[PDB]
Each structure stands twice: as C-alpha cells, then as structure tokens.
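> test case, fold it:
(chains A, B, C, D, E, F, G, H, I, J and K, ligands or ions: 3)
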Amino acid sequence: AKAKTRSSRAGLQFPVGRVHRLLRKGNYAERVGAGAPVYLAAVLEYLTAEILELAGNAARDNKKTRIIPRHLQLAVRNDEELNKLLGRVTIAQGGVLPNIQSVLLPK
Amino acid sequence: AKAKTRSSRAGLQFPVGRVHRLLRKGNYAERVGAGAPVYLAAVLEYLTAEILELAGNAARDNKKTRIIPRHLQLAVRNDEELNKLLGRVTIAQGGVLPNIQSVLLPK
Amino acid sequence: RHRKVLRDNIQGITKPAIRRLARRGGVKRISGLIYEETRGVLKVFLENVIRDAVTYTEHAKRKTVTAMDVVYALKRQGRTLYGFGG
Amino acid sequence: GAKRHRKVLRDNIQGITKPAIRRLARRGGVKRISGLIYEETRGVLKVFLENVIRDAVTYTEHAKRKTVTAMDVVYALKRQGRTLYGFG
Amino acid sequence: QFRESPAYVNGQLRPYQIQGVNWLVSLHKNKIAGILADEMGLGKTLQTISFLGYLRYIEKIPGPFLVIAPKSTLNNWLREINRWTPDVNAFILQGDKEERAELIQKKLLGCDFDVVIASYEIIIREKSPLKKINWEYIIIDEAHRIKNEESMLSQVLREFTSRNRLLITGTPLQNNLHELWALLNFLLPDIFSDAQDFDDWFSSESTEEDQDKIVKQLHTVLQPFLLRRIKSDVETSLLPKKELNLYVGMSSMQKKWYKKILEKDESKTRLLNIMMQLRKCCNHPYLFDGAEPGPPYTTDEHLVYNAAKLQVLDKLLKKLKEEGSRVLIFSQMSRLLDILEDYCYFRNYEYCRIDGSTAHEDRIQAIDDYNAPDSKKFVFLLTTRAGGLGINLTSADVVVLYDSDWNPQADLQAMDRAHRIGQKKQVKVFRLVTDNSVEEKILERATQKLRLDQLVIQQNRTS
Amino acid sequence: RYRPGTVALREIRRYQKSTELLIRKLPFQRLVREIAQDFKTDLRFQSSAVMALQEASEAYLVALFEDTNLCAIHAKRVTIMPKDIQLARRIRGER
Amino acid sequence: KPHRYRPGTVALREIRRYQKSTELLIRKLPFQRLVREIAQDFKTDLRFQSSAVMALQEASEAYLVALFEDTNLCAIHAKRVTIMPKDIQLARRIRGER
Amino acid sequence: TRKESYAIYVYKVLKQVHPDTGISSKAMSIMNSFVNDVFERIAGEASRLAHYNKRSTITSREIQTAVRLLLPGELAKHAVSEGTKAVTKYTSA
Amino acid sequence: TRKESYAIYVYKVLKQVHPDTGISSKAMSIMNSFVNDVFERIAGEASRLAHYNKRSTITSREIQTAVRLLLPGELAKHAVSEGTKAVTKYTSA
DNA sequence: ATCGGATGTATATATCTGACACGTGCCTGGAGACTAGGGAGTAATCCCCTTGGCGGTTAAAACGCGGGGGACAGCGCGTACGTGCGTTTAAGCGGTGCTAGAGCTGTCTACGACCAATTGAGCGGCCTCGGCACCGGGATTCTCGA
DNA sequence: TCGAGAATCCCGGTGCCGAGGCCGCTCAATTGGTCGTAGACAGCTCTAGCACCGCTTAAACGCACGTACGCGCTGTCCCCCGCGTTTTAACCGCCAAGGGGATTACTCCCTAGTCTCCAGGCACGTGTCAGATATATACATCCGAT
Ligand SMILES: Nc1ncnc2c1ncn2[C@@H]1O[C@H](COP(=O)(O)OP(=O)(O)O)[C@@H](O)[C@H]1O
Ligand code: BEF
Ligand SMILES: [Mg+2]
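Numbers count the residues shown, from 1 in each chain, chains lettered A, B, ... in the order given. Ligands and ions are numbered 1, 2, ... in the order given. What follows is the structure:
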C-alpha cells in the first residue's frame, strides 16, 4: 500500500511517531501501550495553542508582528493558570512586568 | 560449589542482591553494571550509621534505652549537615527544637 | 447507603487549638483577628492534599483512601512525610 | 612612577559595581535604597554563583571534558529548581 | 615619459622617483590600478603627492580624493601635502562625536574642500555620510589591514564608488598567497573577482613538487602590474644594516615560574595559554602580578637582578651613552613598557612613550620634541602596531627589538623605520633572544616565513 | 496572681517540650470528610490516612507560625496580626 | 533660576524605564572575570564557552530581581519606603534558604 | 549528527492559530525547551503512577491521571476533553 | 504476601554502633522510609546522568557522581571514601 | 534592690502493662556456571572554537558639594488581650455488631514486542526580502515654581 | 492661583539583517507477518470501617477585670539623592597560536540470559522487661513589703 501517517489519522500536528519512540527509549516504562502517544501529542498541542494564542494577542497590541520572548513573559505572567503552572521558570531576555506598589506613587 | 554472599565479600552490613534487583527491575536504566550496587549499598550504610550514632547520643542524653522519633527529630535537626539534607522532611510524632526568640524574654 | 454534611465543621479548629499551635511555634501574644485567617489557610491546604489523594484513589479503582495515597499526595506537593510507608 | 602595581586582582566581586546593583533594584521595584545594601548583595550573589558553578563543574568533570558548555549550566539550574528556558 | 622633473611641486624630485612617477601616469592612462610596493624608505608619499597635482594641473579634476592611513601617521601627511603642494585643501578628520558633524555637514558636504584624510577606524563609524560622494581614488596607505577576506574594513571598502584605488603599500605578501589576491581583488574586480579560481590559477606555489616554474606562471601578469625596487640599486641610506643576536640566560626566579607552567606546580593564576604566558616569563618576571617584593610600592636597583635582560639591556645602553647615541626601544606587549618607563625614571633617563591609546594630540607633540636638534631625550619607548608604521625618526640610529613577534615582517616593518632617507649615523640593530627557551622556536618559525618570500619571490621579482 | 506574660512562657516550654497532637480527633476527621465529599461521594478513610493528614496539617501550621513570629518581631512588635501571615505567604510563594 | 527635580521623581521614571526593557544590567567582562575566579577554586584551569557565561548571567539577574522584590515587600511592611540589610536577611530567612 | 527540535511543528500550530503573525527564532528555542519540559513532567508522573500500582505498562488512562495531576485548575477540563476527542477520532481508523 | 523492608539491616548497624540500645517500632518505620528515599534520590540522579551523556549503563562511576552532587558538605568526602574502600576490597576477592 | 512565701515542675519510688527481642518453619529469591554478543574503550584524524592581548572609540563609573525628606526616639493615651472563675457539653473510651469492599487466585485472550522490506517526511545548506531599528526632527504632555 | 520648560510619544525616510522559502539528500516511520505473556473477569475469604449505645470527666465557652502595648504625633538629625564635571575601563575589531571537541573504525570483554541447587529472610508463637503512671516528697522560681 502507501504510507499514511498516524498524525494524519488522529488529526494532530505533532509527530506521534517521535513521541512513541521517546516513550520506548527513555525507559519511562517497560511497555508503552498504543493509546498513550496519541493522547500525549494532543495534550502538548493544546498547551502550545494556549501559549501561542496569548502571545499573539499580547504581541499584536504593541503593533509588532513577530513574537519575541518579552511577549511570552507577558502572556504567561498575566494569566493566573499558566502562572500557576510555570512557577519557578525563568525565561531569558524576558524582563519584569509593570509592577509598582501603591505607596511609592507621589502625593 | 557452595555459597559466598556479596555482603560478605564487600564486608558490609546492608545487602547487595536486593539493591541489584531494585536497580534492574525498577527501570532506572537498561543495563546495570556489576560494580554499582556495592557502592550504593555502602553509601546507604554510611548515612544510616551517621543518623543512628547521633540518635544514640541524643537518646542517652535523656537516659532511656529505646530510640523514639522525638530523638530522631532532635538528632537530625541539631546537626547542620543532615539538616541541610533533610530540610523538607516532616517526621511524624515529630516535636520541635526548643527555640525562644530574643525579644520575648522578660525585660 | 446514606450521606450527610453537617454543622459547617471548620469551627472544629477551635480557639485553644489554634492557640496551642501558636504557643508551640514560638508566638507569645496572639491577636483576635487571626482566627478566620488560620481557618482559611488550613482549608486551602486540606483541599489541595485531598484533591490529589482522591485523584490517585479514583485512578486505582479503589474507594478506601489508604495511607499510601495521602503520602504520595504529600510527596507530589513537595513535603515528604516519613513514618507511614513507602 | 608606581603605575604597574595597582593592576592587582581587586577582589573581583567588586566587578559588580554600585550602579549595577542600583539598576537591578530599580527594575525590581525599590524606590529608595540604603547605603549598606551593597556588601550584602555581593555576599548573596557570591553564594548563588558558588552553588551553580559547583554543580556545573561536577557535570563537566563527569564526562571527562574540560569545556563547561551551556547545557551543563542549564542542567545545574534545573537541578536546584530554578529552571531556565532558552538554551537547550 | 616626463624627462623634465616637473617642479609644479614646491620642492625637489629624485632621478629614480621620476621613473616611479612614469609608472603612475600610465596606469590611469590605461585605466587600471596598481600597487606602489617599493621597499620602504624611498618616499612613496612624494610619488603619491606629485601624482595628485598632476591630475589637478594637467587632467584638471579637483576631486574629493579619499586617503586612509593609520592613526600615528596622519600628521605626516598634511605637512608634506602643504610642504610640497600648498595649493590643495585637506583635513585630519578627528574629534569626538560632536566635532565630526561640523566637519562633514557644514564644511564637507557643501563642496568646500579638496582632500579628506581619514583613518582606518573612523571610516567605519562615519561611513554613512561618506558614501554620497563619488571619489577619484581611495589611496589606502600601509595596506596590510586588508589581508583578511571577511574583515570589517575589507567589507566596507567594496561599497565605496570611485574611478581607481591606488593600494599604495609597503610590503608584498606575508604568510600565504591567499593574501595577495585579496589585495588584488579590491584593486580591480575585473581581473579575478574569484576565490576558488585563484588557488590553482598558478598551482598554489609548490605544494606538489617545488618546481620553480610555478613562480614563473605567476610573474608574467604582475611584474608589469606592480612596482618594487632594490635597496642598493638606489642607495637609499648610503649604508647597509647589521642585525645582531645576543643570547642571554634565564634567572632562577623565572625558572621557578617556568616549571610551574609546564609541570604546573601570587600563585594560582589563569595559565590557560601556553605560548603566551611563556612569552611573558622569558622576557620580564614581574608580569604575574605579585613578584614585586615587600611594600605595596617601591623600586630598587634590584629590578635588573631578577630580569634576565635588564643587565643585558642597560649595560648595552650605558655603552651607547658613552658613544653619544640615541636608541629606539620596541616591544610587543604594552605592559612591559610600564616597567621600562619606571626603570629610566629610577636610573635618571628622559623618555617619550607612544603607546596605543595615549591620545591623538599627544602623539603629535612628542614626535616634534623628539626630532628637534639638541633635544636630549635619550630613549624612546614604542610599540609595534601603534608606532612602527610610518612615523619619521631620522634623528635616532640604533634599535633594540626587545622581542620577536609571530609575524616575521612585523619587526621588518619596524626595523627599517628610522633607517630611511636622512639617517647619517650607523644604524645598529640589536635583537635580544633568550637562549634555551621558547622564544628561539618563535624565531625559528619566523625564519621560514621570510625565506619563502625573500628568496623565491624577490629573486623572481627582480627578474 | 501572675503578670501578663508569664503563663505564655510556661506554655511555650510545655509545648516545645512534648510531642502529642494538638487538634482534637473527631472535629478534624469530620472536617476531612466534609472537604472530601465534594470531589467524590461515598469515600472511605483508613485511620492512618486521617492520622497522616493531621500530622501534615500540624506541621504546616507550626512552620507558618514560626515564620509569622519572625515577621512580627521584624516589625517592632511582639504580636502577630493577619497582615503578618499574608506577608509570610506572599514571600514564600504560595498565594 | 536653575531646574532641579525633586528627590522622588527621577527614581520613579527610572522604574518605569527599566521595567519596560530587557538589556543586561550587569556588564559583561566584570562578570566574566567573576565567574572564572570562582571556577578556579573547584577545578583548576577550565575553559568556558561564551553562552554558558551568558546563562550564569541570566540566572543571576533572575535571582537578584526576585530577591529585591521580596525585600521591598518586607520594607513596605515595616512602615518604611527604604530597603536595609535586615530586610534582605529576613527575606532570605523566610524562604528556607539559610 | 543532527540536532532535532520541534520547530516546524510549533510553526504549523502558529499558522493554524493565527493567519500571518510569524515567529522569531529565540522564541522558537523557548517553545522547544517548553515542550521538552512538559513532556518530561507528564512522562515522569505517568511512569511512577504505573509503578505504584504494581503494573508494567503505560496506557492512556495513566496519561489522563497525570494530566489531572499536573495541569492546574481549568486547563485540566480542556486538556482531557481534547485527549478523549483525539483518541476516539483515532479509534475508528 | 511478604513486603521488602529494612528492619533487620538497620538493626544490625545499630548493634554495631551503640551496643546496648533498643529501637521502637515507629523509629524502624522511619528508618525504612529514609533508606527508600535516599535510594530513590541517588538512583534518579544517576539515571538521568547516564541519559544526559547518551550512554546506557549505570556503572559505579555515575553513582559516585550522584553522591558528590546530592550529599552536602563533609558528608561527600566520607561517603565517597567508604564507597571506594568497599569496591576496592570487592575487586581483590 | 532584697527575704517570705506561694506555687510551679522534677524526681525517687512502686505496680502493672503491653511492646519488644527472641525461638522455630517455610520457601522463594540469590549464588553459580556456561554461553552469546553488542556496547564501550581506545587509537587516529581533523578542524572548529577558545584565549590573551592590543588599538581606538565613547558611554559610564566616581567624586564632591549642597539640600530636603525620611528614619527614629520620646510622649501621650485609648483599647484589645491575658488571667482567672465557674458551667456545660462534647470528646474520649470501651465495646457490639453488621457488612461492604479489598486482596488473592485460576483461566483464557487480545494486545504490544520483534523483525524485515521500503519510501517519504524531515533536516542541513543556500538565496532573497519584509519587519524593524535607528534616526533625527515635531508635537503633547507632566513637573515645578509662582 | 497660572506660566515656561525638559522628558517622552509619534512620523517619515533609510538600510539592514535575520526570517521564509526552496534544493537535495537519508535515516527512521509505516506495513505486515509472527509469537508470548501481562491483564481482565468471575469468584471467593475475611477483615477492617461504619454505625451506634451509654458513661466519665476534662476541656471549651462565656464573662468580668487590669493593664501592657499599638498607634498617632512631633521634633531632631543625618544621610541619600540630584547635579555636574572628570578619569577610565568596557566594547568591538584585529591577530596569531594550539588544546580539545567531535567524528570514525577496530577489537575486546563484561553483562543478559539460561537452568540449577540452596540457604537468608519473613511470618508466627512466646518469654520478659523497659516504661507508663500514681503517690509522696522535694527543689526552683515568680512575686510582693521595707
Ligand atoms: N625629493 C625629496 N627631498 C627631500 N626629502 C625627500 C624627498 N623624497 C623623499 N624624501 C624623504 O622621504 C621621507 C618620507 O618617505 P616615506 O614616504 O615615509 O617613505 P616610505 O613610503 O618608503 O615609508 C621624508 O623624511 C623625506 O625627507
Ligand atoms: F610608512 Be612610512 F615608512 F612612514
Ligand atoms: Mg609612508
């Protein structure tokens, strides 16, 4: 016959063959069932879709049309859910949010 | 031929065959070298010997004969290096180091 | 068979119990506005640990939340609890 | 003339100059700094760089090399909790 | 041509320079560039300047005329433009970021000038208001900065627009023959414009059988395309030179440092380079930051004790004071001058130092005060890459090359510096070589890079 | 009688000496079943699981009160007040 | 009739300027000498790449910026607007790093 | 020797989400390290879930429990709905 | 069903160190969980050490590097010395 | 600032009490001896990449003098909490009894490991252009005297 | 109160340089037979959890009193910021060198796997003894008249 990729069967955009190889050859478990790489490719797709939607909007409100790490730092530290996930994580060339406490503003 | 266990070849007290089984049947890697469980059993023996020696002194300081987890709490927390190792561990039936702050003492 | 939720039991962490937990921790003199805050903090911590323990228990098809499930929830969050197993 | 003898090793933690520490504290949020922050800031920064460089040197002495690559500092920071994204 | 010695210049000519001018008046006549590559000393500047007014008084284009020289030699140009052809305007494009906008915008761009004299490293920082003008020549001087294929200065000099490019330089090729086509590419793009098609264009100069026919198929294209003349043909100094070697022995103090570099026993420094730290320790000991003993500062006549060459240097110097002479001391490392500066300040000696990054206006005043008659500064401390590239030092004769560079012709660029037209004493060159050490093998390496060019090409360049 | 500030230090020595549990059993166990019955209905608890939750909660609150005492002695007082606890959880990274 | 600002405006305008942008607030070569100095006590005569020295710089800026945020929180708690050494020592005692 | 990344896959997801807004290479390196991080966390949690129950095999069900144990709050519902829909769409073919 | 603990092994070490000391049951459970915890830390660090270098086998050498990374201060020198003495005595027999 | 004294814990002692250390059986994982082989050490080649220092810009660190504003010690003073007394009610205890679920097992079967032929998605390497970084000149606004 | 003046946001033009897009390999991801055994399903013992009863007593609740301290005010004082000249040292671009990272092939030997004995570890009764614990006595330690 002719080859038909499992990424095309599942309707995903991540290399399900590469996830299946990295689950056999990482020694994460002895035997990888076939249902797990499809599920894991789908979850990774959804997380990347979240961060890229937020990054695209926060980049577009500053009239610059390419995503640079400042936009990722904004699009993560604004939202509370991805802040709760990415707690310790430092992003290089990132910078700190506009954050001034209330008593330092002048009288 | 008879038997000559590896715990008597290395001159230890902690076993070897059990650590070799828990390295090759726990999926920490694919192949396990034959030198590794001797070294690992010796290191676990050293840490156990340190905490039981300090606990024996701390139990003798209150003149009882059976070590109870109050004594392990004090023997871990007084020494600074073991306190660095076990800084997150909550020991059940714990107890606290007796520490009173400096300004709360009466004037 | 039956089930009921009773009496709004956060008032079981009573005032001398919170005062004993403060007298152990080195505090001398306690205010009167701590008590709602301490109850709120304890409720947030128990929601997190029991959420993860019920996750493990519904995974492994059981219903009796055994002590290993609670110990693995505490190991997950970053507070190891020696003394109970595993 | 006496110009050569003042090139000496300077206790190079004085490379972290006073306006550098003030620019960090201006980014961070502090409006007004004291005048004794500086010794303490150099002490804290020397403790943090001791620990990360100790783990990087252990990872590099393991694989027999003599070139501390960027992957080793990323693994040494991942070791301690403070993950660092952007290098590999 | 031109058998009349054209005295529209306000000065003299020479019976060999007239022959040099005829090579210059034909290249523009045939619309090709050239390499005025005479052996140093015979005044390539006068042949350059007399070429300029020839195109002003005969071909009659006033022109914008960009020249580019290294930083030290800029003051030598604007004198001898005005010493010889005073009817030509000029610059000395210098100053801060302030003081160049008045020169360019207010006083250059309104066509209020003739000739711009920029440097190597201001032509990068001011390239944007200098591309507008179509030039007549880019008369690059001391063209050895263009020996790289993708350097910064070689990358900017293919964007300027002009008629020709007189790449008037001092020496031919230095290491390879990957060099000299990059000199010839940026002359005229119509000859090669091709990298891979040069390496085997003549069979790469003897990587196969050492044939001495390989150099012939080179030199039937660039012998009447290049000019270079023999020294004793012209009697440039009316005197030959004598290179001398003086083997010295190491002191035991730097020998204890020496075996802490090989076997690796004030201590615990960064010793991450082997050929560079040993270049320090076999020249002067105190460079390891702490070998000075006792108080935080204090000299002592002992300074010549520890160092293996200062007993050799100063005995040689106190020979020369008894003969009534003036010396020129070179170096390669700048920090070693800091010891010799404090040395002659300790053993009563007057001096002038031209280091890298003294200043601009400070290099001006030192040269005039050193070339004055009855100006009795005994020594004159220099460096190789900053000072020895075209300053005029006719009023001192003897040279003491304190160390050898990895380039053999870097010192050969600098040996012949004072030894030019105007030196009437006996030029005595002295090289200080530390015997049974590292610096002989960096002198042994330097002999082979010179014998490839001086003995194969120079015998085929005179042919 | 006693001065105000004496029974406090006697109780501090009595409680930093001994090792018992400081919350009553049945109110804490009914608290645990209340919070558990919003995630799955009809759960059952081994008795050592209730003991484990009581030990983890007591250790969490005791460490929290050590750090709150440090903040209140920092602010030139001797008395903890709710902004001290809210500071001591803003610094630690748990808010 | 000169023009001087007050004692509380240039600091605020610097705060907004430096929270807006992302350069490297520590210079390169003093930090590189610092890192090579501390590395030549643990194993002698190592070589670095350049991007690993960049990595150490990025982590050091992250740790110091978080440290001065937590110090400023303790300082505004203590009825001051100034930071002091006792505040940094407190905000390192609270996290469990001492 | 090839360095392999997830560059074109992030780029395809960016073209499906936004129509034109391209990405820069430093952000591509950040998204690479992010996806490797989330993959290591989820693989580790499902790994020792399947080790605690004395099993030997990662199924889909352990991945679903590990997604409920790492993603906090309200990413969990959308992630588990996406996982179930993608696996059931995969099942028929 | 038998369970793998470490009561008798800790009990042998205790009778070496202090010759007249008993030990209660909850202390035995704590020392069981302590030895299991330090085992899992050292095996985890050695596992991803040997995976980072693209090798495939835990030798004794990665165990030594894991111990030099985890154990702080003056425990590293005594621990590495104990291990090298044990393996060097093991090779001669 | 110092004795009378009033009340806290501390301790020696005496009697039970479970908890522990020890004696015996059962047997399943551990030693062992030969085999089969694929990973890892080792030597050679080569070639990108690091290092030290110098050269010329030029923006940034350093010093000094002056000035307004925050740290801080004392003083008043109003209230919120500790200490004590009595009353109550709910926790602890012990014991009974029911029963829902958990652990072990015996027996199929569908589900992934393994290999073998194959071809195309993915990746290194090379053009080519739109986003953008200055880049200086204009317009708006906030700061600080009056 | 209501003006003058520097810092900052836009605006059009440039020019530049890193991303988007193709070209040409190539190893790994699909397909297709084959086994081999982990896992699900029905089925049982059996035991720990839940519900509930009464009984005792020690701890929570509430109230009244006294006062040590939290907090606002207020004056003093010293010190940190702002401003402007200075020196200097970081930064980017040469310019040589070679130690060291990264292939590549060859061989060598240590581990996986197999079956076969065989005793160390785990569980289960049983002696026995360190410690909980009440009673009596004694030592430290706050607190008040002179
Ligand atoms: N016609 C001349 N009359 C006098 N001096 C001359 C003449 N031609 C050349 N010189 C001398 O040549 C020197 C400049 O030569 P220069 O251009 O430096 O030679 P090179 O280009 O070989 O270094 C000056 O010192 C000048 O005195
Ligand atoms: F370049 Be000339 F020798 F001054
Ligand atoms: Mg010249």
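> alpha carbons only for contacts and neighbour counts from here, please
Noted.
> for chain H, give me its nearest residue in chain F.
residue F:39 (13.0 Å; C-alpha to the nearest C-alpha).
> thought that residue was touching residue C:52?
No: counting by C-alpha atoms under 8 Å, residue F:39 sits too far from residue C:52 to count as a contact (10.2 Å).
> compare those two and say which is more crowded by neighbours.
A side-by-side neighbour count of residue F:39 and residue C:52, using other C-alpha atoms under 10 Å in any protein chain shown, places residue C:52 first with 19 against 13.
> report the contact partners of the more buried one.
C:73, H:69 (C-alpha atoms under 8 Å, 6 or more residues apart in numbering or on different chains).
> and the helices in chain F?
F:7-17, F:25-36, F:47-74, F:82-92 (DSSP state H).
> deepest of those helices, which one?
Highest mean neighbour count among those (mean count of other C-alpha atoms under 10 Å in any protein chain shown): helix F:47-74, with a mean of 20.
> mind checking if it is in reach of chain G?
Yes: interface with chain G: helix F:47-74 contributes F:67, F:71, F:74 (C-alpha under 8 Å from any C-alpha of the partner chain).
> which strands and helices sit next to that helix?
Here helix F:47-74 touches helix C:15-24, helix C:34-59, helix C:67-77, helix F:25-36, strand F:79-80, helix F:82-92, going by 3 or more C-alpha pairs under 8 Å, 6 or more residues apart in numbering or on different chains; DSSP states H and E.
> and the fourth one, what other elements does it pack with?
If contacts are counted by 3+ C-alpha pairs under 8 Å, 6+ apart, helix F:25-36 sits against helix C:34-59, helix F:47-74.
> can you put the ones you listed in a markdown table and add distance to residue E:436?
Shown next, in a markdown table, are the helices and strands packed on helix F:25-36 (distance: least, C-alpha to C-alpha, whole Å):
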| stretch | distance to residue E:436 |
| --- | --- |
| helix C:34-59 | 76 |
| helix F:47-74 | 69 |
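> ok, which of those helices comes nearest residue I:58?
Smallest distance to residue I:58 across those (C-alpha to C-alpha): 31.2 Å, for helix C:34-59.
> do that closest one and DNA strand J meet?
No: figure legend: helix C:34-59 not in contact with DNA strand J (C-alpha under 7 Å from any atom of the strand); closest approach 8.2 Å.
> quick one: contacts for the nearest residue to residue E:226 once chain neighbours are set aside?
Excluding its sequence neighbours, the residue lying closest to residue E:226 (C-alpha to C-alpha, 6 or more residues apart in numbering or on different chains) is residue E:35, at 5.3 Å. Counting by C-alpha under 8 Å, 6+ apart, residue E:35 makes contact with E:166-169, E:225-227.
> if you set the cut-off to 10 Å instead, what comes out?
Going by C-alpha atoms under 10 Å, 6 or more residues apart in numbering or on different chains, residue E:35 touches E:24, E:143, E:165-172, E:183-184, E:187, E:222, E:225-228.
> what's the answer for residue E:336, then?
D:4, E:280, E:283-287, E:402.
> can the helix or strand harbouring residue E:447 be said to contact DNA strand K?
According to DSSP states H and E, residue E:447 maps onto helix E:441-452. No: if you take C-alpha under 7 Å from any atom of the strand as the test, helix E:441-452 misses DNA strand K, and the best it gets is 7.7 Å.
> what's the neighbour count on the closest residue to residue A:34 other than its chain neighbours?
Nearest non-adjacent residue to residue A:34, counting by C-alpha to C-alpha, 6+ apart: residue H:59, 7.2 Å away. Counted with other C-alpha under 10 Å, residues neighbouring residue H:59 total 18.
> give me every residue that touches residue H:59.
Counting by C-alpha under 10 Å, 6+ apart, residue H:59 touches A:31-37, A:39, H:46, H:50.
> swap the cut-off to 8 Å and go again
Counting by C-alpha under 8 Å, 6+ apart, residue H:59 touches A:32-36.
> filter the residues you listed down to the ones in helices?
Per DSSP H, these map to helices at A:35-36.
> could you pull out the helices for chain H?
With DSSP H, the ranges of helices along chain H come out as H:7-17, H:25-52, H:60-70, H:76-91.
> need those helices in a markdown table (columns: distance to residue E:116 and mean neighbour count).
Listed next are the helices of chain H as a markdown table, based on distance: least, C-alpha to C-alpha, whole Å; neighbours: other C-alpha atoms under 10 Å in any protein chain shown:
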| stretch | distance to residue E:116 | mean neighbour count |
| --- | --- | --- |
| helix H:7-17 | 51 | 15 |
| helix H:25-52 | 43 | 18 |
| helix H:60-70 | 69 | 20 |
| helix H:76-91 | 70 | 17 |
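> tell me the centre residue of the chain?
Here I'm looking at chain A. residue A:48 (3.5 Å; C-alpha atoms, centre = their mean).
> the chain in question should be chain H.
In chain H, the C-alpha nearest the mean C-alpha coordinate belongs to residue H:39, at 6.0 Å (C-alpha atoms, centre = their mean).
> give me the distance between it and ligand 1.
Noted for residue H:39: a distance of 68 Å to ligand 1, by C-alpha to the nearest ligand atom, to the nearest Å.
> can you tell me, leaving aside adjacent residues, what's nearest to that residue?
In space, and not counting its chain neighbours, residue H:39 is closest to residue A:44: 7.6 Å by C-alpha to C-alpha, 6+ apart.
> what's the one you found in contact with, if anything?
Residue A:44 neighbours (C-alpha under 8 Å, 6+ apart): H:35, H:38-39.
> one more: residue E:186?
E:157-158.
> and stretch A:82-94, what's buried?
For stretch A:82-94, burial by neighbour count (16 or more other C-alpha atoms under 10 Å in any protein chain shown) applies to A:82, A:84, A:89-94.
> among those, which ones are in helices?
Using DSSP H, A:82, A:84 are the members of the buried residues of stretch A:82-94 that sit in helices.
> residues in contact with the residue of the stretch 151-300 of chain E found nearest ligand 1?
Residue of the stretch 151-300 of chain E nearest ligand 1, by C-alpha to the nearest ligand atom: residue E:170 (6.7 Å). Shown in contact with residue E:170 (C-alpha under 8 Å, 6+ apart): E:36-40, E:142-143.
> can you list phi and psi of residue E:338 for me?
Per-residue torsions, residue E:338: phi -60, psi -30 (degrees, to the nearest 10).
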